[PDB]
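Structure file input_5.txt; described as compact mmCIF, C-alpha atoms and all ligand atoms.
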```
# COMPACT_ATOMS: atom_id res chain seq x y z
CA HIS A 4 -0.90 13.87 -0.33
CA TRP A 5 -1.93 10.52 1.17
CA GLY A 6 -0.50 8.60 4.11
CA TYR A 7 -1.43 6.75 7.28
CA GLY A 8 -1.53 9.58 9.86
CA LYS A 9 -4.63 11.16 11.44
CA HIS A 10 -4.79 13.92 8.85
CA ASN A 11 -4.04 12.04 5.61
CA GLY A 12 -4.83 8.41 6.44
CA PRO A 13 -7.46 5.84 5.35
CA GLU A 14 -10.41 7.89 6.74
CA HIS A 15 -9.45 10.73 4.33
CA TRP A 16 -8.69 8.76 1.14
CA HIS A 17 -12.24 8.80 -0.25
CA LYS A 18 -12.06 12.57 -0.92
CA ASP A 19 -9.38 12.24 -3.63
CA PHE A 20 -10.28 8.62 -4.47
CA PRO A 21 -14.06 8.07 -4.12
CA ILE A 22 -13.60 4.39 -5.12
CA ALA A 23 -12.48 4.05 -1.45
CA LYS A 24 -16.17 3.44 -0.68
CA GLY A 25 -16.66 1.22 -3.73
CA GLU A 26 -18.09 -2.19 -4.41
CA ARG A 27 -14.99 -4.40 -3.96
CA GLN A 28 -12.52 -2.72 -1.59
CA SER A 29 -9.61 -4.35 0.26
CA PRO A 30 -8.52 -5.47 2.78
CA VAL A 31 -11.36 -7.40 4.47
CA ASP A 32 -11.87 -9.50 7.56
CA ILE A 33 -11.82 -13.19 6.60
CA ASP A 34 -14.57 -14.87 8.62
CA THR A 35 -13.28 -18.45 8.50
CA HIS A 36 -16.75 -19.89 9.25
CA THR A 37 -18.37 -18.00 6.35
CA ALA A 38 -15.77 -18.83 3.65
CA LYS A 39 -16.84 -21.61 1.27
CA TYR A 40 -14.55 -24.55 0.56
CA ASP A 41 -14.32 -24.91 -3.22
CA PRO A 42 -13.12 -28.41 -4.21
CA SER A 43 -12.92 -27.29 -7.85
CA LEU A 44 -10.03 -24.81 -7.27
CA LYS A 45 -6.76 -26.19 -8.78
CA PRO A 46 -3.69 -25.97 -6.51
CA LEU A 47 -1.81 -22.66 -6.49
CA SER A 48 1.28 -22.72 -8.66
CA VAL A 49 4.06 -20.45 -7.41
CA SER A 50 6.96 -20.55 -9.89
CA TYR A 51 9.74 -18.31 -8.61
CA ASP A 52 12.88 -20.26 -9.68
CA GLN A 53 13.88 -17.65 -12.29
CA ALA A 54 12.91 -14.60 -10.18
CA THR A 55 15.25 -11.64 -10.83
CA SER A 56 15.20 -9.02 -8.08
CA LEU A 57 16.57 -5.56 -8.89
CA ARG A 58 16.29 -2.89 -6.26
CA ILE A 59 14.69 -1.94 -2.98
CA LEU A 60 13.07 1.48 -2.52
CA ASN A 61 11.69 3.35 0.46
CA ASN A 62 8.68 5.13 -1.13
CA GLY A 63 7.54 7.03 1.99
CA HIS A 64 4.71 4.53 2.62
CA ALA A 65 6.60 1.25 2.86
CA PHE A 66 9.46 -0.31 0.86
CA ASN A 67 9.26 -2.10 -2.52
CA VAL A 68 11.52 -4.93 -3.67
CA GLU A 69 11.24 -4.67 -7.47
CA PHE A 70 11.63 -7.52 -9.96
CA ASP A 71 12.46 -7.82 -13.65
CA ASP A 72 9.03 -8.49 -15.19
CA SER A 73 10.12 -8.20 -18.85
CA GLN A 74 9.68 -12.00 -19.25
CA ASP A 75 7.85 -14.88 -17.48
CA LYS A 76 10.69 -15.32 -14.94
CA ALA A 77 8.57 -15.48 -11.78
CA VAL A 78 4.87 -16.28 -12.18
CA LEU A 79 1.76 -17.19 -10.22
CA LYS A 80 -0.86 -19.45 -11.81
CA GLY A 81 -3.60 -21.92 -10.83
CA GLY A 82 -5.91 -21.58 -7.81
CA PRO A 83 -8.65 -19.13 -8.79
CA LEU A 84 -6.45 -17.64 -11.56
CA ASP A 85 -7.07 -17.82 -15.30
CA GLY A 86 -3.78 -17.62 -17.20
CA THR A 87 -0.39 -16.33 -16.06
CA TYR A 88 0.45 -13.54 -13.60
CA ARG A 89 3.99 -12.11 -13.48
CA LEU A 90 5.69 -11.05 -10.24
CA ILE A 91 6.53 -7.33 -10.32
CA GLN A 92 7.28 -6.47 -6.68
CA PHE A 93 6.75 -7.25 -3.03
CA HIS A 94 6.28 -5.09 0.03
CA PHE A 95 4.95 -5.33 3.59
CA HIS A 96 2.58 -3.54 5.94
CA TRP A 97 3.31 -3.59 9.66
CA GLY A 98 2.49 -2.20 13.06
CA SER A 99 3.93 -0.13 15.89
CA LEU A 100 3.31 -3.14 18.20
CA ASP A 101 3.07 -6.93 17.55
CA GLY A 102 -0.72 -6.92 18.04
CA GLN A 103 -1.43 -4.92 14.89
CA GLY A 104 0.00 -4.45 11.42
CA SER A 105 -1.78 -6.74 8.97
CA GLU A 106 -4.32 -5.45 6.47
CA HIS A 107 -6.45 -8.57 6.20
CA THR A 108 -7.70 -10.01 9.45
CA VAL A 109 -8.74 -13.59 10.25
CA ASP A 110 -11.82 -13.78 12.48
CA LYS A 111 -10.90 -10.21 13.50
CA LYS A 112 -7.33 -11.28 14.49
CA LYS A 113 -4.63 -8.75 13.44
CA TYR A 114 -1.17 -10.16 12.67
CA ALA A 115 2.07 -8.24 13.28
CA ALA A 116 2.56 -7.68 9.57
CA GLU A 117 1.52 -8.77 6.09
CA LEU A 118 3.62 -9.49 3.03
CA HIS A 119 2.18 -8.72 -0.42
CA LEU A 120 3.67 -10.26 -3.55
CA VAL A 121 2.15 -8.33 -6.42
CA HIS A 122 1.63 -9.94 -9.86
CA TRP A 123 -0.01 -8.72 -13.09
CA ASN A 124 -2.02 -10.57 -15.73
CA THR A 125 0.25 -11.02 -18.78
CA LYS A 126 -2.78 -10.90 -21.14
CA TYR A 127 -2.78 -7.10 -20.55
CA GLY A 128 0.85 -6.56 -21.62
CA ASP A 129 1.98 -4.22 -18.83
CA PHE A 130 1.22 -3.36 -15.21
CA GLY A 131 -0.33 0.02 -16.02
CA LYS A 132 -2.83 -1.61 -18.39
CA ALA A 133 -3.49 -4.46 -15.95
CA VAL A 134 -4.64 -2.16 -13.11
CA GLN A 135 -7.47 -0.93 -15.38
CA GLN A 136 -8.98 -4.45 -15.53
CA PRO A 137 -11.17 -6.36 -13.02
CA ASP A 138 -8.79 -9.37 -13.25
CA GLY A 139 -5.60 -7.34 -13.81
CA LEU A 140 -3.67 -8.26 -10.66
CA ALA A 141 -3.15 -11.17 -8.31
CA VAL A 142 -1.70 -10.27 -4.91
CA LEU A 143 -0.47 -13.11 -2.76
CA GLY A 144 -0.81 -12.11 0.91
CA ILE A 145 1.14 -13.81 3.71
CA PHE A 146 0.73 -13.02 7.40
CA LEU A 147 3.69 -12.46 9.70
CA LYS A 148 3.66 -13.41 13.36
CA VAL A 149 6.48 -12.82 15.88
CA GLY A 150 8.33 -16.00 16.95
CA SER A 151 11.47 -17.58 15.50
CA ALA A 152 13.49 -15.75 12.82
CA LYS A 153 12.67 -16.14 9.13
CA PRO A 154 16.07 -16.80 7.53
CA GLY A 155 14.80 -15.85 4.06
CA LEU A 156 13.83 -12.41 5.40
CA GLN A 157 17.22 -11.53 6.85
CA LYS A 158 18.74 -10.11 3.61
CA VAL A 159 15.79 -7.66 3.49
CA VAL A 160 16.25 -6.68 7.14
CA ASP A 161 20.02 -6.26 6.62
CA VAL A 162 19.54 -3.61 3.89
CA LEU A 163 16.96 -1.36 5.64
CA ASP A 164 19.64 0.86 7.24
CA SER A 165 20.66 1.95 3.72
CA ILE A 166 17.09 3.02 2.72
CA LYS A 167 16.00 4.63 5.98
CA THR A 168 14.24 7.64 4.46
CA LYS A 169 11.74 8.39 1.65
CA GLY A 170 13.23 8.22 -1.86
CA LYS A 171 16.29 6.15 -0.92
CA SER A 172 16.94 3.00 -2.92
CA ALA A 173 19.62 0.30 -2.89
CA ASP A 174 20.78 -2.46 -5.18
CA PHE A 175 18.87 -5.66 -4.25
CA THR A 176 19.80 -8.28 -6.81
CA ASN A 177 19.93 -12.04 -6.38
CA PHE A 178 17.23 -12.18 -3.70
CA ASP A 179 15.10 -15.36 -3.69
CA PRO A 180 11.44 -14.64 -2.78
CA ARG A 181 10.80 -18.38 -2.24
CA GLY A 182 12.47 -17.94 1.14
CA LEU A 183 9.48 -15.83 2.28
CA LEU A 184 6.78 -18.51 1.85
CA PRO A 185 5.28 -20.75 4.56
CA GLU A 186 5.16 -24.57 4.07
CA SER A 187 1.45 -24.74 3.15
CA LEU A 188 -0.13 -23.05 0.15
CA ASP A 189 -3.70 -23.42 1.55
CA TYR A 190 -5.49 -20.09 0.93
CA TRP A 191 -8.58 -17.95 0.93
CA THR A 192 -9.49 -15.92 -2.16
CA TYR A 193 -11.84 -13.05 -3.00
CA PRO A 194 -12.11 -10.19 -5.55
CA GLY A 195 -10.82 -6.89 -4.19
CA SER A 196 -8.70 -3.82 -4.74
CA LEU A 197 -5.34 -2.15 -4.18
CA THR A 198 -5.19 -1.25 -0.45
CA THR A 199 -3.55 2.14 -1.14
CA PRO A 200 -4.58 5.04 -3.36
CA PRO A 201 -5.66 4.93 -6.17
CA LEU A 202 -7.51 1.91 -4.65
CA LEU A 203 -8.26 0.44 -8.07
CA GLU A 204 -10.62 -2.53 -8.12
CA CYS A 205 -8.36 -4.80 -10.12
CA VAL A 206 -7.10 -7.44 -7.66
CA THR A 207 -7.72 -11.12 -7.14
CA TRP A 208 -6.65 -11.56 -3.55
CA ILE A 209 -5.02 -14.84 -2.52
CA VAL A 210 -4.33 -14.90 1.23
CA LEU A 211 -2.36 -17.82 2.70
CA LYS A 212 -3.80 -19.62 5.74
CA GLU A 213 -0.37 -20.33 7.27
CA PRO A 214 1.53 -17.31 8.65
CA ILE A 215 5.30 -17.09 8.54
CA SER A 216 7.21 -16.50 11.79
CA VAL A 217 9.67 -13.63 12.00
CA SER A 218 11.76 -12.68 15.03
CA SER A 219 11.17 -9.71 17.29
CA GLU A 220 14.58 -8.34 16.17
CA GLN A 221 13.50 -8.60 12.49
CA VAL A 222 10.21 -6.68 12.98
CA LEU A 223 11.95 -4.09 15.17
CA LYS A 224 14.20 -3.23 12.22
CA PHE A 225 11.11 -2.59 10.00
CA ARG A 226 9.93 -0.12 12.66
CA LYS A 227 13.20 1.92 12.41
CA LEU A 228 12.37 2.96 8.86
CA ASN A 229 11.13 6.54 8.28
CA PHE A 230 8.10 7.93 6.39
CA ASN A 231 9.99 11.25 6.11
CA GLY A 232 12.75 12.17 3.68
CA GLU A 233 16.42 12.77 4.56
CA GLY A 234 17.07 15.76 6.79
CA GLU A 235 13.40 16.02 7.86
CA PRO A 236 11.95 15.45 11.40
CA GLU A 237 11.65 11.78 12.10
CA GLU A 238 8.28 10.07 11.65
CA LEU A 239 8.79 6.36 12.21
CA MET A 240 7.40 4.08 9.45
CA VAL A 241 4.87 2.07 11.50
CA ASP A 242 1.14 1.31 11.18
CA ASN A 243 1.18 1.59 7.37
CA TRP A 244 -1.91 -0.65 7.04
CA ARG A 245 -5.44 0.04 5.80
CA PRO A 246 -8.11 -1.40 8.14
CA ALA A 247 -10.70 -3.99 7.08
CA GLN A 248 -13.37 -2.70 4.64
CA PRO A 249 -17.01 -3.89 4.25
CA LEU A 250 -17.29 -7.23 2.41
CA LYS A 251 -20.50 -6.10 0.69
CA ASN A 252 -21.69 -8.36 -2.15
CA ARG A 253 -18.74 -10.76 -2.16
CA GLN A 254 -17.85 -14.34 -1.31
CA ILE A 255 -14.58 -15.55 0.12
CA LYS A 256 -13.64 -19.02 -1.15
CA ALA A 257 -11.33 -21.42 0.69
CA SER A 258 -8.90 -23.92 -0.92
CA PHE A 259 -9.20 -26.17 2.15
CA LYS A 260 -11.75 -27.53 4.66
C1 LIG B 301 5.00 0.05 -0.58
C2 LIG B 301 3.50 0.26 -0.91
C3 LIG B 301 2.66 0.38 0.37
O1 LIG B 301 2.96 -0.82 -1.70
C4 LIG B 301 3.26 -0.51 -3.05
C5 LIG B 301 3.26 1.03 -3.09
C6 LIG B 301 1.97 1.61 -3.67
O2 LIG B 301 0.83 0.82 -3.23
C7 LIG B 301 0.75 -0.50 -3.74
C8 LIG B 301 -0.20 -1.28 -2.80
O3 LIG B 301 -0.30 -2.66 -3.14
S1 LIG B 301 -1.26 -3.57 -2.45
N1 LIG B 301 -1.17 -3.25 -0.88
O4 LIG B 301 -2.61 -3.23 -2.96
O5 LIG B 301 -0.77 -4.93 -2.78
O6 LIG B 301 0.18 -0.45 -5.02
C9 LIG B 301 1.17 -0.95 -5.99
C10 LIG B 301 1.19 -0.01 -7.21
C11 LIG B 301 0.87 -2.40 -6.41
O7 LIG B 301 2.44 -0.89 -5.34
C12 LIG B 301 2.14 -1.15 -3.93
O8 LIG B 301 3.32 1.45 -1.70
ZN ZN B 302 0.21 -4.11 0.20
```

What is this structure when it is put down as structure tokens?
Ligand SMILES: CC1(C)O[C@@H]2[C@@H](CO[C@@]3(COS(N)(=O)=O)OC(C)(C)O[C@@H]23)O1
Ligand SMILES: [Zn+2]
Amino acid sequence: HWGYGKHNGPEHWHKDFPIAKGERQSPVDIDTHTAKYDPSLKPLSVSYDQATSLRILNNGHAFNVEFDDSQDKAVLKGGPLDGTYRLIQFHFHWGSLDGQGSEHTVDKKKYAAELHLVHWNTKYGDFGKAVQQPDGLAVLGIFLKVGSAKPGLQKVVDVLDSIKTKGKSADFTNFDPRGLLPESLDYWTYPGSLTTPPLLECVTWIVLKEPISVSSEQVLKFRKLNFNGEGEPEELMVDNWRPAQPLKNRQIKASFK
């Protein structure tokens, strides 16, 4: 099945998932001098006070921190969004080295990693229905650079030893995702897709301008994770990012000048 290696990676995905070459694929390079400032965009509203985290899972591609999405406990609204989008999970993509790892790029710059907070449009009732709709998901993307430690990330880093291999999960309750955000909510936005198979074209991308800083020790612990399952030969979980895809017939809007 699919992965990020030479024989099953992004270059191969189109065979099982021909949408890989479709009209609104993600990620993309954000050319900052082509994006259009849109003064009509309302501020982003990130409401995570009642967020209820549940469990963390190594899924053999990255790791998911899952949330209780049975009520409007943690929602994203405003910006380019119509209505209410409920937080369901977050995960990251990262590199083998600090100079690569992000999925989106900014003027061709690759960050060390990228955080994705995934939300679904409540008008569609559940996540599985939402992914079948052109406005089904909103994914909030945040770049990571290596510098000072991110205190709000440490609880995540601390638990990775217990989910080293594919299929392993651990209890991950009472985690506050607000600790993962930068100060500024300035953003770029464009219509795109899931960046992994089945690559469904259901995502409003909201990518924050301001990266968060994480320490070298924090990112190093991400890179000790394994793609393989327990007892199998070790394949380090690194470079689990899809490269930039053609922008095609799309416009990236900016919340800021
Ligand atoms: C851990 C990783 C890489 O991300 C998880 C899961 C399956 O892929 C995802 C990708 O979400 S994304 N990158 O489009 O926000 O698609 C969903 C189903 C949203 O879950 C995401 O594997
Ligand atoms: Zn992702």

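Using all atoms listed in the file, the shortest contact distance between ligand LIG 301 (chain B) and any of A:149, A:38, A:49, A:205 is found at A:205.
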
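Near residue A:28, within 7 Å and counting all atoms listed in the file, sit residues 195, 196, 204 and 248 of chain A, not including residues fewer than 6 positions from it in the same chain.
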
Given 6 Å and all atoms listed in the file, residues near ligand LIG 301 (chain B) as a PyMOL selection string: chain A and resi 64-67+94+119+121+142+197-199

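Of the residues listed (A:156, A:47, A:247, A:22), A:47 shows the shortest atom-to-atom separation from residue A:143; distances use only C-alpha atoms.
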
Using only C-alpha atoms and a cutoff of 9 Å, can you tell me which residues are near (6.8, -5.0, 7.2) in the file's coordinates, and write them out as a ChimeraX atom specification? /A:65-66,94-98,104-105,115-118,147,222,225-226,241,243

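Among A:108, A:103, A:151, A:258, the residue with the shortest atom-to-atom distance to residue A:81, counting only C-alpha atoms, is A:258.
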
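Taking only C-alpha atoms, the non-local environment of residue A:173 within 8 Å (same-chain residues fewer than 2 positions away omitted) comprises residues 58, 59, 60, 162, 165, 166, 171 and 175 of chain A.
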
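Distance cut-off 7 Å, centre (12.0, 2.8, 4.5), atoms counted all atoms listed in the file; the residues meeting this are residues 61, 62, 63, 65, 66, 163, 166, 167, 168, 169, 228, 229, 230 and 240 of chain A.
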
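Using all atoms listed in the file, the shortest contact distance between residue A:201 and any of A:68, A:11, A:53, A:134 is found at A:134.
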
Expressed in Å, the length from atom CA of residue A:13 to atom CA of residue A:235 is 23.3 Å

Non-local contacts of stretch 185-192 of chain A (7 Å; all atoms listed in the file; under 6 positions in same chain excluded) as number ranges by chain: A: 47, 208-215, 255-259

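Proximity ranking of A:154, A:194, A:30, A:101 relative to ligand ZN 302 (chain B) places A:30 first, based on all atoms listed in the file.
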
Interatomic distance (Å, one decimal) between atom CA of residue A:158 and atom CA of residue A:234: 26.1 Å

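Closest approach to ligand ZN 302 (chain B) among A:164, A:220, A:106, A:75 is made by A:106 (distances from all atoms listed in the file).
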
List the spatial neighbours of residue A:86 as a list in words - criterion: any atom at most 10 Å away, all atoms listed in the file, same-chain residues fewer than 5 positions off excluded. residues 79, 80, 81, 124, 125 and 126 of chain A

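Here atom CA of residue A:176 is placed at a distance of 4.7 Å from atom CA of residue A:57.
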
Residue A:109 environment, 8 Å, only C-alpha atoms, sequence neighbours closer than 5 positions dropped, as a PyMOL selection string: chain A and resi 32-35
